[PDB]
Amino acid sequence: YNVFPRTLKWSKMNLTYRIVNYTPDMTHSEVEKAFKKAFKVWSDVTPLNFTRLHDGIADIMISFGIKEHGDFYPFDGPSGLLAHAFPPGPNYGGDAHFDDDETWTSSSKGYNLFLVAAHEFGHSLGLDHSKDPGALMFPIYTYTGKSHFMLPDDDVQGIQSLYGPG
């Protein structure tokens, strides 16, 4: 017999990403900064490294879309689903999609793109949802109002259980 084995984690530490398109809500620089910071959350505590590609295929393809946007997991307009991401693997694996019917911001207004992206990239790297309400990988979005972000211990233990520490 055969089962469907899951790729639990990337077999390589050096990963690429590409920002395929951009939300209207934030400047290009703001979007790039948010994603850069979101990846840094994970690379700061693991041997993982992330390199941005401007063209072609990257491991983590990032895009904004609304409604049905090419994977038959359609978005739902304002609120509800905010974004989703695929677990590690080839093709769609690792990819992250953000609902552009949300208002994305670099602040408390709407949904903070950095916060949501950091969470989604957790999925791209092989993390499922945490039961700890204080974790980044908790299923519900909140905003602390703080200027600095520190990755909760639960998320650190989770990602390090896959990739080891930095």
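Residues carry their position along the shown sequence, with the first being 1. Basically, rigid core = biggest C-alpha set you can superpose within 1.5 Å across the two forms.
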Root mean square C-alpha distance from this form after a core fit in 7 other deposited structures of this protein: higher for 97-105 or for 64-72?
64-72
Cross-entry absence of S147, a third or more of other PDB entries:
yes
Avg C-alpha B-factor, entry values, 126-134 vs 47-55, higher side is 126-134
Tell me which stretch, 106-114 or 93-101, has the higher mean Cα B-factor listed in the entry.
106-114
Would you please rank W10 by its C-alpha temperature factor against the other modelled residues of its chain and give the third it falls in: lowest, middle or highest?
middle
Going by the recorded CA B-factors, say which third of the chain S147 sits in, lowest, middle or highest.
highest
Of the three thirds of its chain by CA temperature factor, lowest, middle or highest, which one includes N21?
lowest
